[PDB]
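Protein chains in written order, with the authors' numbering: chain u, 573 to 706; chain 1, 170 to 532, 540 to 764; chain 2, 1 to 112, 121 to 312.
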């Protein structure tokens with residue numbers, strides 16, 4: 573049974589050595605997982621940063637391109653709002669007072685006519701005297 | 170004859186004997202000289218039959234007594250011949266039988282009584298009493314079809330008196346409102362009063378033009394129709410008050426009629442006959458024995474408006490400078506001679522108080545000569561303008577004046593003042609107007625800086641205390657501009673007699689704006705009748721010159737109430753009817 | 001102002017209307033000759049004479065170009081204003097009594121029945137006949153006219169009635185007894201959006217067209233036959249020759265028919281101007297607000 577004995581161990585020997593190599597074979601697949609991980613993290617920072625940095629510069633560039641005060645706030649240079657209001661004040665108040673003054677003098681002629689009205693009866697006395705003088 | 174006061178008989182006489190003046194007197198050689206010249210008196214008496222020579226007690230005679238073949242033909246005898254051939258010193262006279270103790274008839278024993286007072290009461294007395302304004306301007310419509318005299322238009326009344334054919338031809342009012350004058354084929358009528366009664370009428374057939382003396386002694390009438398009652402003439406002079414004929418006068422060339430110019434006070438007058446002066450004293454219609462008032466070789470003349478001084482302008486002779494003349498009215502002597510060289514044309518512009526005279530000198541460099549007539553020795557200030565002056569206007573009664581110069585799109589108004597310290601000043605320039613005419617208010621300052629503006633209202637206004645534009649009238653109608661005598665109305669009007677874009681008269685305030693218009697059918701003439709100020713008391717005029725404040729009473733509400741009462745309800749009865757009428761406007 | 005009255009006719013004027021610009025007033029009359037006058041200065045340009053019976057009515061269009069008359073002579077007439085020549089002649093079966101234009105000129109009213125006439129200016133035809141007839145309903149229509157753009161028709165009636173027409177259905181709506189006598193004339197407002205009716209029953213009224221509610225009565229002591237609305241002024245005119253409120257009505261030599269000034273919204277009489285020689289038969293007002301018009305038994309129109 574010596575020939576019989578040798579064969580059984582060989583199956584055990586073959587299976588175990590292969591399985592241990594299979595464990596080694598499994599390990600190599602596992603090592604690949606560690607290998608994959610390294611590239612991704614570096615890229616993650618890089619991908620975001622690379623796009624952002626150009627964008628950050630470009631977004632600032634776009635604003636800077638238009639940071640020129642294209643509207644220079646000196647288009648006409650008057651910058652007038654209260655200009656229309658101030659003129660309206662002097663003319664309106666003066667005209668009323670002046671007219672009243674004007675009216676007063678105008679009215680005064682009637683008042684002078686009242687001084688004249690005493691003279692007007694006096695003038696009829698002159699009219700009477702001249703007719704009397706005859 | 171020989172006598173230094175030789176005249177014939179003073180009346181027509183008996184019919185049976187002929188009188189011959191400058192006759193065939195007794196004495197050798199003197200007799201045959203008027204043998205024919207007295208056969209003038211006796212030639213139309215038939216054949217002269219006897220012409221006995223009377224001698225005045227042996228002195229040389231001028232007259233003889235004559236008889237004819239027919240005694241009663243002496244009335245014929247003195248008209249069909251005069252001036253038959255004569256020698257020595259006798260010619261051209263005839264009459265009838267040496268009549269004497271001649272007589273004349275004339276109005277006497279003056280008592281004014283009737284017709285003295287309708288004219289006077291209406292204006293310058295009632296006017297002063299009247300408290301409204303606009304100068305109580307008269308009205309003329311449809312070439313005299315309706316003629317109206319009116320009261321003040323600011324108040325409810327317009328029309329004071331209106332009549333048909335009151336003025337058949339044109340219109341005229343006197344300078345102080347006392348009289349209104351009318352023209353007609355039969356003569357002139359003076360009208361006056363609130364009811365515009367007939368004041369005086371001068372019967373004068375076919376009178377073509379008239380004028381009135383400043384002191385009302387004389388009426389001046391001008392006609393293209395000639396009458397023969399007075400010497401060969403085309404002009405009658407009438408006494409305006411009495412209707413009496415004062416004088417008649419010839420006119421050689423009727424170019425313009427300011428022929429009898431008057432003194433400032435109206436006391437004396439001057440008149441040109443061609444290049445000769447005839448002087449009629451305005452008070453007496455008498456000749457002035459003042460030497461200058463018969464002057465030879467003067468060429469233009471006018472009077473001071475406040476000083477009675479005479480002025481003459483004589484254009485420059487070949488070698489002697491042109492010279493302006495100041496002749497005083499009675500003394501007749503020179504107070505100032507103005508000799509200037511290269512003068513081209515001259516116009517005389519006086520100030521209303523007669524304090525200053527401006528001479529517009531053309532040299540073209542126009543020069544103004546301003547004479548300080550009140551300051552002693554009459555120093556003359558010369559204003560050298562440079563740009564073709566087309567108008568001058570004095571401030572009435574003041575020492576300021578206004579001028580207009582230049583091209584019509586760029587016409588400049590310049591206001592000037594003359595000062596007590598001699599130096600003249602331009603107060604303000606108002607450029608680029610269309611003005612060519614000035615109608616100042618009688619009260620000062622309110623100078624109407626406006627052109628003709630006929631159908632194209634380009635009128636403007638300058639006040640002169642502050643050189644300020646008070647108000648503008650855009651009235652196309654305005655062609656003439658005048659201020660009221662009171663100084664409270666300036667009327668801008670149009671004439672359908674003259675043009676046809678408007679036909680109306682507008683009655684406005686002298687402030688500077690047209691208020692409203694009363695239309696006139698043909699607008700022959702529309703004028704404010706004068707309410708001219710005759711006098712004033714300086715003390716009453718001084719300070720307030722009111723009863724309290726502003727004008728008269730401090731309230732000054734006596735007339736002011738009417739605006740609010742009449743508008744809501746004019747008389748209550750009129751109201752309820754007519755209140756609906758413009759309630760409708762808003763609501764509907 | 002001065003009113004110029006033209007009395008170029010020997011028989012009664014029958015209707016007046018001013019045109020849009022108002023320099024012409026169009027009038028047709030009881031004498032067989034209608035007349036066209038310049039309203040501005042009162043010069044009479046001419047007469048329209050192709051009718052052979054009393055022409056009861058005239059109105060002038062929105063363009064102020066042509067005037068038309070309708071008659072009891074069995075005809076309806078459109079007239080050339082330059083020479084008065086009848087250029088075409090149309091027969092009608094009855095008297096046309098009141099006229100008033102639609103705002104667009106594309107339609108016209110006629111009073112017979122209440123007739124509706126289309127004008128198809130694109131077709132070079134002024135129709136001889138009305139385009140529609142509203143037949144009578146218990147009464148007879150004395151007067152009728154077309155409101156603005158033809159939207160409503162307002163008719164005054166011989167029985168004192170008012171009638172109302174629906175443009176989209178073409179017919180009459182209702183009436184009410186109000187007055188006792190015949191409607192003599194009817195003329196539209198200036199914008200034609202509302203209207204007044206009139207009758208010889210001694211009452212005058214300001215009426216809403218849209219609701220048929222009696223809104224207002226305008227009082228005179230005289231039956232008013234005609235009124236027109238004036239552009240440039242809010243006015244109503246009240247009218248009689250003979251006082252009309254008494255039997256044996258009598259006139260003065262002067263001519264007691266007077267122009268009466270009234271408020272359109274508020275209704276009061278505020279004064280009068282005499283001068284016409286008959287009952288007012290017709291009325292028109294100037295587009296400037298400068299005139300009013302009276303139509304007399306003497307045949308005259310006076311524009312004031």
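Just so you know, even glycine gets a beta-carbon here, dropped at the ideal spot from N, CA and C.
Between residue 180 (chain 1) and residue 271 (chain 1), the C-beta gap is smaller than 8 Å, which places the two residues in contact.
Residue 102 (chain 2) and residue 686 (chain 1) have their C-alpha atoms some 53 Å from each other. With contacts defined by Cβ atoms closer than 8 Å, residue 35 (chain 2) and residue 193 (chain 2) do not form a contacting pair. Not flagged as an interface residue toward chain 1: residue 26 (chain 2), since no C-beta distance is shorter than 8 Å. Between the segment 323–342 of chain 1 and the segment 690–704 of chain 1 there are three or more C-beta pairs closer than 8 Å, enough to call the two in contact.
At a cut-off of 8 Å between beta carbons, residue 277 (chain 1) makes no contact with chain 2. Residue contact check for residue 659 (chain u) against chain 1: no CB pair falls below 8 Å. With respect to the C-alpha of residue 72 (chain 2), the residue from 93 (chain 2), 84 (chain 2), 246 (chain 2), 88 (chain 2) having the closest C-alpha is 93 (chain 2).
In the DSSP annotation of this structure, the continuous segment of the alpha helix (DSSP H) that includes residue 202 (chain 1) starts and ends at 199–210.
DSSP assignment within the segment 550–617 of chain 1 yields no whole alpha helix (DSSP H) run of 4 residues or more. The Cβ neighbour count for residue 593 (chain u), taken over all protein chains shown within 10 Å, is under 16; the residue is labelled exposed.
Judged by DSSP in its simplified three-state form, residue 268 (chain 1) adopts strand. DSSP, read as helix, strand or coil, puts residue 613 (chain u) in helix. Neighbours of residue 271 (chain 2) across chain 1, judged by C-beta separation under 7 Å: 756, 757, 759, 760. When the beta-carbon positions are compared, residue 623 (chain 1) and residue 644 (chain 1) stay at least 8 Å from each other.
Put simply, the segment 226–233 of chain 2 touches the segment 277–294 of chain 2. At least three CB pairs are less than 8 Å apart. Relative to residue 674 (chain 1), the option among 748 (chain 1), 654 (chain 1), 661 (chain 1) whose CA is nearest is 654 (chain 1). For residue 139 (chain 2), the closest alpha carbon among the candidates 124 (chain 2), 298 (chain 2), 249 (chain 2) is that of 124 (chain 2).
Relative to the Cα of residue 524 (chain 1), the nearest Cα in the group 247 (chain 1), 387 (chain 1), 433 (chain 1), 750 (chain 1) belongs to 433 (chain 1). Sorting 728 (chain 1), 638 (chain 1), 696 (chain 1), 581 (chain 1) by C-alpha distance to the C-alpha of residue 564 (chain 1) places 581 (chain 1) at the top. Look at residue 230 (chain 1): its C-beta is not under 8 Å from any C-beta on chain u. Residue-level contact check: residue 298 (chain 1) touches chain u, since one or more beta carbons of chain u fall below 8 Å from its beta carbon. A straight line joining the alpha-carbon of residue 475 (chain 1) with that of residue 190 (chain 1) spans about 53 Å.
The C-beta of residue 764 (chain 1) comes closer than 8 Å to at least one C-beta of chain 2. The distance from the Cβ of residue 592 (chain 1) to that of residue 578 (chain 1) is about 7 Å, consistent with a contact at the 8 Å cut-off. At least one CB atom of chain 1 sits nearer than 8 Å to the CB of residue 688 (chain u). Nearest in C-alpha terms to residue 638 (chain 1), of all of 404 (chain 1), 663 (chain 1), 604 (chain 1), is 604 (chain 1).
Assignment of residue 287 (chain 1) by DSSP, reduced to helix, strand and coil, places it in the helix class. A Cβ-Cβ distance of about 15 Å is found for the pair residue 498 (chain 1) and residue 505 (chain 1), leaving them out of contact under the 8 Å criterion.
Residue 27 (chain 2) and residue 331 (chain 1) have their alpha carbons spaced roughly 40 Å apart. One finds nothing in chain u with a Cβ atom closer than 7 Å to the Cβ of residue 692 (chain 1); even the nearest lies about 17 Å away. Neighbours of residue 662 (chain u) in chain 1, taken as residues at a C-beta separation under 8 Å, are lacking, since the least C-beta distance is about 13 Å. With respect to the 8 Å criterion, residue 507 (chain 1) and residue 556 (chain 1) are classified as neighbours on the basis of their beta carbons. With distances taken between CA atoms, residue 257 (chain 1) lies nearest to 197 (chain 1) out of 197 (chain 1), 490 (chain 1), 173 (chain 1).
Against chain u, a Cβ distance below 7 Å from residue 728 (chain 1) picks out 683, 686. By the criterion of a C-beta distance shorter than 8 Å, residue 271 (chain 2) is surrounded in its chain by 242, 243, 244, 278, once the five residues flanking it on both sides are discounted.
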